[PDB]
Structure formats: structure tokens, C-alpha cells
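Engineer: Top to bottom, those sequences are chains C and A. Here the first sequence stands for residues 216 to 247, 257 to 264, numbered as in the deposited numbering. Per the deposited numbering: the second sequence ends with 562, consecutive numbering throughout. Cβ atoms here follow ideal geometry from the backbone N, Cα and C, with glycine treated the same way.
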Amino acid sequence: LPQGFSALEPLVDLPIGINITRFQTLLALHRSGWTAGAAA
Amino acid sequence: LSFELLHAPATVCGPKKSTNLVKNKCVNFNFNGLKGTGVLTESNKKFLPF
Ligand SMILES: *[C@@H]1O[C@H](CO)[C@@H](O)[C@H](O)[C@H]1NC(C)=O
């Protein structure tokens, strides 16, 4: 992480009101089997 | 037309097309169902989209 200060402004507020207790990350693959770029 | 309440927030109230705007006659102060006192005519500050 770079050494600096950046305040994260809000973008959109979602009035869903649901019950969620988990998360999962989706990644994208590059076809040229499959190749994946450098990400973190 | 059937209505019910659930866990989702209620965002159907809307503006209800109750148009009214005046700042010169000094009659009454009310906003968003919240009354009080005050006069609002001009400003120089810049707000944010949120
Ligand atoms: C959301 O789920 C948790 C457990 O899954 C439960 O304890 C909680 O009451 C739920 N929220 C509401 C508003 O019912």
C-alpha cells in the first residue's frame, strides 16, 4: 500500500435491507488453457 | 393493488408533486416533514453529490 492519505467518498447507497453474512471474490481469466494476469 | 411491509426500506413516498418554493415572504419554515424556524435565501458554499 502506498504511503498517502485519500478519503474514500461514497458513490451510491443501496436500500436493499437484506440479510447477508458472507462474501466471495470473482476473478477474470484471459484466453489466448487459460492465463491469469498479475493482480493483488 | 396489494401492499405489504418487509425488511426492505420504504422508498415509494417520493415528492408527491407538492410543488412550493418561496424565500421572500417569510411565512413559515418546514423541510422534509421537519418544522422549525430559519430563513434560506443565498449561499456560496459548494456541496457534494451525496
Ligand atoms: C439475519 O440473520 C441472522 C442469523 O442468520 C438473524 O439472527 C437475524 O435476526 C436476521 N435479521 C433479521 C432482521 O431478522
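Check whether the Cβ atoms of residue 562 (chain A) and residue 225 (chain C) sit closer than 8 Å, and answer yes or no.
Structural biologist: yes
Engineer: For the beta strand (DSSP E) that contains residue 220 (chain C), what are its first and last residues?
Structural biologist: Where residue 220 (chain C) is concerned, there is no enclosing beta strand (DSSP E), given that its DSSP letter is neither H nor E.
Engineer: Quick test of the definition: if touching needs 3 or more C-beta pairs under 8 Å, does the segment 514 to 532 of chain A touch the segment 231 to 239 of chain C?
Structural biologist: yes
Engineer: Give the DSSP bridge partners of residue 547 (chain A), in chain order.
Structural biologist: A:542
Engineer: At a cut-off of 7 Å, is residue 236 (chain C) close to ligand 1 when judged by its beta-carbon and the heavy atoms of the ligand?
Structural biologist: yes
Engineer: How about residue 233 (chain C): is its C-beta nearer than 8 Å to some C-beta of chain A?
Structural biologist: yes
Engineer: Using a C-beta cutoff of 8 Å, does residue 230 (chain C) count as contacting chain A?
Structural biologist: yes
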